[PDB]
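Right, one structure below, let's go through it.
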Amino acid sequence: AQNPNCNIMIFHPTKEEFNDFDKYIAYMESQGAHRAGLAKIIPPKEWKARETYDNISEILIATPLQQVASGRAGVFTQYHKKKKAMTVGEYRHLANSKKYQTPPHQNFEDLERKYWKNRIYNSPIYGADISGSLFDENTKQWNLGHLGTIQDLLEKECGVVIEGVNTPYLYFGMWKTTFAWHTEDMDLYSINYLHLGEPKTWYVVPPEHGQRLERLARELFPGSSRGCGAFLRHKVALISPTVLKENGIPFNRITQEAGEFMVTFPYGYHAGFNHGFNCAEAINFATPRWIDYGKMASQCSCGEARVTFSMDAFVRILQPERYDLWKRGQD
Ligand SMILES: O=C(O)CNC(=O)C(=O)O
Ligand SMILES: [Mg+2]
Ligand code: NI
Ligand SMILES: [Zn+2]
Numbered sequence: 011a012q013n014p015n016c017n018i019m020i021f022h023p024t025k026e027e028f029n030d031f032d033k034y035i036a037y038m039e040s041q042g043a044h045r046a047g048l049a050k051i052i053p054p055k056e057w058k059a060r061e062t063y064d065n066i067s068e069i070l071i072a073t074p075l076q077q078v079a080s081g082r083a084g085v086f087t088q089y090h091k092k093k094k095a096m097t098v099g100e101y102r103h104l105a106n107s108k109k110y111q112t113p114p115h116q117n118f119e120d121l122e123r124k125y126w127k128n129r130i131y132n133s134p135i136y137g138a139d140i141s142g143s144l145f146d147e148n149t150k151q152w153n154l155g156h157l158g159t160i161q162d163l164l165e166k167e168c169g170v171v172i173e174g175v176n177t178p179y180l181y182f183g184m185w186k187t188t189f190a191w192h193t194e195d196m197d198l199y200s201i202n203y204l205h206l207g208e209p210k211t212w213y214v215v216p217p218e219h220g221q222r223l224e225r226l227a228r229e230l231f232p233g234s235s236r237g238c239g240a241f242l243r244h245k246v247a248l249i250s251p252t253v254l255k256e257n258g259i260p261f262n263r264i265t266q267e268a269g270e271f272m273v274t275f276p277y278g279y280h281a282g283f284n285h286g287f288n289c290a291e292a293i294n295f296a297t298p299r300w301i302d303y304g305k306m307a308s309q310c311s312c313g314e315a316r317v318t319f320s321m322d323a324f325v326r327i328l329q330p331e332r333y334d335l336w337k338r339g340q341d
């Protein structure tokens, strides 16, 4: 069995290997990359996402989200308070202000220590989940707006044509902005490109160990667990690496820098934080290997998770027994 320790693997495809996206995902899986839940892909040196980032300041962040924490430094939840709209140029100025800027630090490990010590005492503002793309239309390789759609994959594998669309999302971050422990909708893959700015630190649990994380989360967030049998779908809970290690949960960590892709694999729980002002683009995708994970994905039906239009068909076709309850939670 390849990669039996479930380490995060880093790949360096050549320009020739960068042509066929599906083929390269299958290659990484042949080497056991999915066992980690997360992989890094460094693009060939010849490649670029677009010519420059000099003209992005007028993008609008319609609903910036202030991420307010509750709990203790290593075990906390966050809620999102909506703020007034602002442009990317306004948000970048805010991120660089004395109130929000990255503190002085020695290295990524020092900054990580400072994040876990101090995150809860601040409320950073995240420009998340903005429909759009920063890839040039002329970029033919690993262009996250030009991927095969998940609806087309389901149709190819299973023979059933479904409604829905699959487009990318932009994320504008600042120091301490945080992504809570989660798997993707329907336990899909994700791909994330860090277009510019400061790094993103990731934590990940191997897919084969995801239920260990879920059992710890039920213990640590006992009211939330009574409220919902899949409350990690709410995307609000944080658990630090120190707490994971104290409780014997297998995990790994890695820092993504500008110009690098990350792929999350089906049922790979992940969480993390941004180092400073940055912009990322991410989208969900599927492969044949995903179908069995889609069929078994948990679902929130309490009303909290609320998701896109396109998830309806995935539930309806892959999980018909669950459909009626889940749809009630959507309405
Ligand atoms: O970058 C972020 O805030 C969150 N991204 C992801 O969870 C992802 O790409 O799957
Ligand atoms: Mg602009
Ligand atoms: Ni994700
Ligand atoms: Zn729920």
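In short: position in the sequence shown from 1, add 10, done, that's the entry's author numbering. Cβ coordinates follow ideal geometry from the N, Cα and C atoms, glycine included.
Under 6 Å, CB to nearest heavy atom of ligand 2: contacting residues = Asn-65, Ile-66, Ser-67, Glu-68, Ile-69
Reducing DSSP to helix, strand and coil, say where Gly-81 ends up.
-> Working through the sequence shown from its first residue, we reach residue 81 at position 71. Three-state DSSP puts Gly-81 in a strand.
Terminal residues of the continuous beta strand (DSSP E) containing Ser-200?
-> On the sequence shown, residue 200 is found 190 positions in, with the first residue counted as 1. 199 to 207 is the span of the beta strand (DSSP E), which, as asked, contains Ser-200.
Should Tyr-110 be labelled buried (16 or more other beta-carbon atoms within 10 Å of its own) or exposed?
-> By 1-based counting over the sequence shown, the position of residue 110 is 100. So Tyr-110 ends up on the buried side.
Cα-Cα separation, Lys-337 to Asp-322 = Taking the first residue of the sequence shown as 1, we reach residue 337 at position 327. Taking the first residue of the sequence shown as 1, we reach residue 322 at position 312. Approximately 8 Å between the Cα atoms of the pair.
Hey, would you say the C-beta of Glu-194 is under 8 Å away from at least one heavy atom of ligand 4?
-> Working through the sequence shown from its first residue, we reach residue 194 at position 184. No.
Since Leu-48 sits in a beta bridge, which residues does DSSP pair it with?
-> Here residue 48 refers to the residue found at position 38 when the sequence shown is read from its first residue. DSSP output for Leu-48 lists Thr-274 as bridge partner(s).
Distance, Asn-176 Cα to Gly-313 Cα | For the purposes of this step, residue 313 is taken as residue 303 along the sequence shown, with counting starting at 1. For the purposes of this step, residue 176 is taken as residue 166 along the sequence shown, with counting starting at 1. Cα to Cα, the separation comes out at about 23 Å.
Is it right to say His-285 is buried, meaning 16 or more other beta carbons lie within 10 angstroms of its own, or is it exposed?
-> For this step, residue 285 is matched to residue 275 along the sequence shown. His-285 should be labelled buried.
So which of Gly-258, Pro-54, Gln-12, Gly-158 has the shortest CA-CA distance to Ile-201?
-> Here the question's residue 201 lines up with position 191 in the sequence shown. Closest by alpha carbon: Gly-158.
Identity of the residues DSSP links to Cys-289 by a beta bridge = Your numbering for residue 289 matches position 279 in the sequence shown. According to DSSP, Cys-289 bridges with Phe-182, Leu-206.
So, using beta-carbon positions, are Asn-288 and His-205 closer together than 9 Å?
-> As a working note, residue 288 is residue 278 in the sequence shown. As a working note, residue 205 is residue 195 in the sequence shown. The answer is yes: Cβ separation under 9 Å.
Residues near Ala-105 by beta carbon distance below 6 Å, same chain, minus five either side = For this step, residue 105 is matched to residue 95 along the sequence shown. Hits under 6 Å: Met-184, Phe-287.
Hey, would you say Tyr-199 sits closer than 9 Å to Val-273, going by beta carbons?
-> As a position in the sequence shown, residue 199 is number 189, starting the count at 1. As a position in the sequence shown, residue 273 is number 263, starting the count at 1. Yes.
For the stretch 54 to 118, list the alpha helix (DSSP H) runs that are entirely contained and at least 4 residues long, ordered along the chain.
-> 98 to 105
Nearest neighbour of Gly-339, chosen from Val-325, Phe-324, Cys-310, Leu-328 [CA to CA] | In the sequence shown, residue 339 corresponds to position 329, counting from 1. Nearest option by C-alpha distance: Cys-310.
With 16 as the cutoff for other CB atoms within 10 Å, does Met-306 come out buried or exposed?
-> Walking along the sequence shown from the start, residue 306 turns up at place 296. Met-306 comes out exposed.
Rank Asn-17, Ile-327, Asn-132, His-192 by C-alpha distance to the C-alpha of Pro-113 and give the top, closest one.
-> Locating residue 113 in the sequence shown gives position 103, where the first residue counts as 1. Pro-113 has its Cα closest to that of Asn-132, out of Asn-17, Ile-327, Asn-132, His-192.
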